[PDB]
Each structure stands twice: as C-alpha cells, then as structure tokens.
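Okay, structure first, notes after.
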Amino acid sequence: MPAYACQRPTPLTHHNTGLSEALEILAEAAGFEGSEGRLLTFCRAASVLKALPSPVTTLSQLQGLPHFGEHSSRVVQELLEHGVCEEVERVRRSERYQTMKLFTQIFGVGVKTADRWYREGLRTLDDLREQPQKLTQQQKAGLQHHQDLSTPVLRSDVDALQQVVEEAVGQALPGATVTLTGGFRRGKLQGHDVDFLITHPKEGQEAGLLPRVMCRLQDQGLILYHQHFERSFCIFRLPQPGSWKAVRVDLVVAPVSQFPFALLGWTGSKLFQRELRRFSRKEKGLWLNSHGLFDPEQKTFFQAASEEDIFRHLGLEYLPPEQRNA
DNA sequence: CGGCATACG
DNA sequence: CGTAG
DNA sequence: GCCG
Ligand SMILES: [Mn+2]
Ligand SMILES: [Mn+2]
Ligand code: NA
Ligand code: NA
C-alpha cells in the first residue's frame, strides 16, 4: 500500500465503508477544533481503507498499512470487536459536534464563524434567523435556501443544469465548452452541488467570459444568489414537477492551456488533490495547483494537453476520475 | 522534530 | 472571513 | 495523528 492517496486507485464504493466512516467522524471533529494535522491523518487512514481490495476482519491486517498508528488502530479494533467505537459515539452525540456540523454546513459559514457562534451560545438555525443583522448576504442566502441545499442533487438534475449553462455559455461566447467536474465526474449518482468547467479552444478567448455567462443566467431568472473573475459560487433555480428547488452550482473558467490542471483540481476528491500536491512538492520538487505545474529550478511551467500528461510528468500511474475517490 | 495543498471571491 | 477541489 |  503506497503512502500517498494519489499513488493508489480509490473507488467510490468499497469494502470497508463502516470503518472509513468512523475514522471520518474523528477527522471532521478534529477539523471542528482547528486540528488540521489530526484531520489529515484520520482522513488518510480512512482513505487507505477505501483502497483495500477486501474487508478488514482482524487487527493484524492493519500492520504495515500507512497512516495507521495507535489511535486509528484502536478505533478499528473496537469496531471489529464490539461493532461500535466509544470515542466515535461520544463525538456523534456531543452538542459541540452536532452544532458545528449544522453551522458549517451552511453556505457562507466556515469553522471559525461556526465556532464563534457556538461560543456565543447559538445552537439552531432559528437562533441565526432571529438575529439576521449579524449575517452576511452570502450567509443569508445559505440560511434561506438551507433546506433545498440539504436535499440531494440527482444526475437528472445535473443534465438539466448542464443544458441551461450551455445555452448561456453559447451566447456569451460561441465555441466555448462546458465540462461536468466534481463528484459527478468521479461517478457519484448524487451530490450536494454541481460543478462546471468552461473554456474555449482559442487561447485568450475565454478572457472576461464568466461575467457574460452570469448576466445571461441572471436575465433568464435562473440565479437565486451570486457574488457579483474566474470562479462563481451560485445558487440556481432548478425546475421540478410544478415547482423548483435551489441548487448550489459552481462555474469556473480556465484558458485552454490551463484546462487539464483545472479539470484535475476540480474533479477531486479534496483529499486526492491535497495528496497529489503534497506528492508533487515533496517527492518530485514541483509545485502543483489548478493553473499549472511549476519547476522552481528551471523556473518553467509544464505544458499539459491532458490529465494523462500531468500524471506522466509526476511519474504516477494514470487514475481515471472514478478511481480518485480518496 | 516540522510538516501537513494551494488557490480565488 | 468565505469559497473550491 | 502520523511519517519521514
Ligand atoms: Mn462538487
Ligand atoms: Mn461545488
Ligand atoms: Na459552510
Ligand atoms: Na486564474
């Protein structure tokens, strides 16, 4: 088992779902207390389990696996023995975890805002609605639309949304293309948001595109919320039987030179991208982001024409999107 | 021990 | 501060 | 919390 998530296929569905989940609860809780190091380790340990070819049935099968030390191993041990890990259950039950989860799930609220609100004694969504003068416009939108935003987005919704985005994009700039990215590109059948990546085959033609797309979507009555320039985090109005629902949509523009890097980054998973960037820097001495891959010795950027190019330039075996579910 | 990804709005 | 993967 |  290699040590970095970008070095191993991780399928969407796997053979250690209960174990990986429990570890992810501990990761999430560590994040709520500002412990990014502990979050990372619990996430990595969970991901290692997702990459295994069969179920872990005995403690000995953890020996030699990366990111499994005393703590993660004890969690698995307790799950294998008793079907439950007391630490995990204590977190699940806790007022702190439940409230931080509720608040951080709101669009416009991060850990720091959620934590301050927690310390002020706030606990429920209606507590936040009672004091709306404190809220940002983005948090107001997140709170107004919270119920719809909690409802899973289906693949039929995605196809509907892609058509409307394409229409606006085609008027904004003929020849521009729209690519589905994020969790849906990794093969998820549902999600809590939709992500699109827009470019144009002629380098430079994509300059100034996003405002033009946004204004057209706005004039179609489709935008319930937007911030307004290359990333737009919107709430769209999606048609439903005799009605509609609010849906989070992210629209991203990149020049065709950067498209493979943007595609890679926006396809995820989050852990996969962190691990890939960590690997690039620490193992290969190259600096990776969603715009490019930089050699800080030569002071040059790697020109990639495809995701395949990028994996090759990092010396990694290619993983299709459905094996990047770290 | 230090490091933990790296951006844009 | 929020957002993204 | 774990790794190198
Ligand atoms: Mn997404
Ligand atoms: Mn998104
Ligand atoms: Na949030
Ligand atoms: Na840019």
Side-chain angles (χ1 to χ4, degrees), chain A residues 1-6 23 26-27 29-31 33-48 62 64-75 87 103-117 135-136 138-142 180-186 188 191-197 210-211 214 225-226 229-235 248-254 258 261-283 286-294 307 321 324-326:
Chain A
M1 173 73 56
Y4 291 87
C6 56
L23 293 162
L26 299 184
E33 311 308 306
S35 188
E36 192 72 4
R38 295 188 342 113
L39 174 147
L40 274 174
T41 286
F42 285 132
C43 285
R44 291 163 181 168
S47 75
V48 163
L62 297 181
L65 293 183
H67 313 289
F68 275 87
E70 183 169 9
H71 203 145
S72 297
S73 296
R74 181 179 67 256
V75 169
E87 187 186 5
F103 289 169
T104 54
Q105 276 170 356
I106 303 162
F107 176 65
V109 184
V111 174
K112 293 186 180 185
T113 301
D115 175 65
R116 179 166 54 69
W117 291 346
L135 303 172
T136 63
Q138 185 184 58
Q139 292 161 353
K140 285 171 176 174
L180 178 59
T181 188
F184 286 107
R185 180 163 183 255
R186 301 199 306 279
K188 294 178 77 181
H192 292 280
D193 61 282
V194 186
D195 311 302
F196 298 110
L197 179 57
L210 202 48
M214 289 314 297
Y225 166 89
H226 60 100
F229 169 41
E230 58 198 52
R231 303 173 183 186
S232 182
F233 318 116
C234 322
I235 302 174
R248 276 278 297 103
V249 177
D250 290 337
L251 298 188
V252 181
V253 171
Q258 295 176 13
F261 301 96
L263 184 60
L264 185 56
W266 282 88
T267 296
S269 68
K270 176 178 177 172
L271 181 59
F272 193 94
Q273 296 308 307
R274 291 174 82 162
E275 291 280 289
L276 189 63
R277 293 169 186 195
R278 193 167 65 97
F279 178 88
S280 180
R281 183 182 275 269
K282 302 296 181 187
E283 307 300 327
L286 304 178
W287 300 344
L288 179 66
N289 67 15
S290 76
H291 299 98
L293 179 56
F294 187 64
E307 295 184 314
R324 306 186 200 155
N325 286 292

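Every chain is numbered from 1, with letters handed out A, B, ... down the list of sequences. What you see below is based on every heavy atom in this structure, not just the backbone, and it leaves out hydrogens, waters and symmetry mates.
Straight-line distance between the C1' atoms of B/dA5 and C/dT3: roughly 15 Å, to the nearest whole Å.
At B/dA5, one or more side-chain N or O atoms of A/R274 fall inside 4.0 Å of OP1 or OP2 (strictly under the cut-off). Applying the 4.0 Å criterion to OP1 and OP2 of B/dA7, one finds that A/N289 has a side-chain N or O inside that range. Contact between the side-chain N/O atoms of A/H71 and the OP1/OP2 oxygens of D/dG1 is found at a separation under 4.0 Å. In this structure, A/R231 does not reach the B/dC8 phosphate: none of its side-chain N or O atoms is under 4.0 Å from OP1 or OP2. For A/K282, no side-chain nitrogen or oxygen approaches OP1 or OP2 of B/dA5 to under 4.0 Å. Between A/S290 and the phosphate of B/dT6, there is no side-chain N or O to OP1/OP2 separation shorter than 4.0 Å.
Using a 4.0 Å heavy-atom criterion, one finds that A/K112 contacts the sugar-phosphate atoms exclusively. At the heavy-atom level, A/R324 lies nowhere under 4.0 Å from the strands shown. Within the 4.0 angstrom heavy-atom criterion, only backbone atoms of the sugar-phosphate kind lie near A/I106; the bases stay farther away. If you check every strand for non-hydrogen atoms under 4.0 Å, A/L288 touches sugar and phosphate atoms only. At a threshold of 4.0 angstrom between heavy atoms, the contacts of A/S72 are confined to the sugar-phosphate backbone, with no base atom among them. When heavy atoms are screened at a 4.0 angstrom cut-off, A/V109 is found touching the sugar-phosphate backbone but no base atom. Note on A/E275: nothing from the nucleic acid sits closer than 4.0 angstrom, heavy atoms only. Using a 4.0 Å heavy-atom cutoff across all strands shown, A/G37 reaches at least one base atom of the nucleic acid. No engagement by A/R185 is indicated, since no non-hydrogen atom pair under 4.0 Å with the nucleic acid exists. Within the 4.0 angstrom heavy-atom criterion, only backbone atoms of the sugar-phosphate kind lie near A/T267; the bases stay farther away. Nucleic acid contact class of A/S35 (heavy atoms, under 4.0 Å, all strands): none. Note on A/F272: nothing from the nucleic acid sits closer than 4.0 angstrom, heavy atoms only.
C/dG2 atom P lies 13 Å from atom OH of A/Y225, rounded to whole Å. A/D195 has its CG atom 20 Å from the P atom of B/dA7, to the nearest Å. In this structure, the CZ atom of A/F68 is 10 Å from the P atom of D/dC3, given to the nearest Å. Counting to the nearest Å, the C1' atom of B/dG3 and the CZ atom of A/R44 are 9 Å from each other. Across the protein-nucleic acid pair, A/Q139 atom CD and C/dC1 atom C1' stand 9 Å apart, rounded to whole Å. One interatomic measurement links the two molecules: CE of A/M1 to P of D/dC2, which rounds to 16 Å at whole-angstrom precision. One atom, CG of A/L271, and another, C1' of B/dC4, lie 11 Å apart when rounded to the nearest Å. Going from atom CZ of A/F294 over to atom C1' of B/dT6 covers 15 Å, rounded to whole Å.
The two residues A/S290 and A/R231 make their nearest non-hydrogen contact at OG-NH2, 3.5 Å.
Ring pair A/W287/A/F294 is tilted by interplanar angle, where 30° to 60° counts as tilted.
Ranked by how close their nearest DNA chain B nucleotide is to the 5' end, A/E230 and A/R281 are led by A/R281.
No side-chain donor-acceptor contact under 3.5 Å links A/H67 to the backbone of A/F42. A donor-acceptor pair under 3.5 Å is formed between the side chain of A/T181 and the backbone N or O of A/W266. Looking at A/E275, its side chain never comes within 3.5 Å of a backbone N or O of A/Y4 through a donor-acceptor pair.
Residue A/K270 places its side chain closer to C/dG5 than to any other of C/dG5, C/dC1, C/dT3. Of the candidate nucleotides C/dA4, D/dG1, B/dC8, B/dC8 has the atom nearest to the side chain of A/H291. Closest to the side chain of A/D193, from the set B/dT6, C/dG5, B/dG9, is C/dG5.
Remark: aromatic rings of A/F233 and A/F107 are distant, center separation not under 6.0 Å.
Using a 4.5 Å cut-off on side-chain heavy atoms (C-beta onward), A/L288 and A/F261 make contact.
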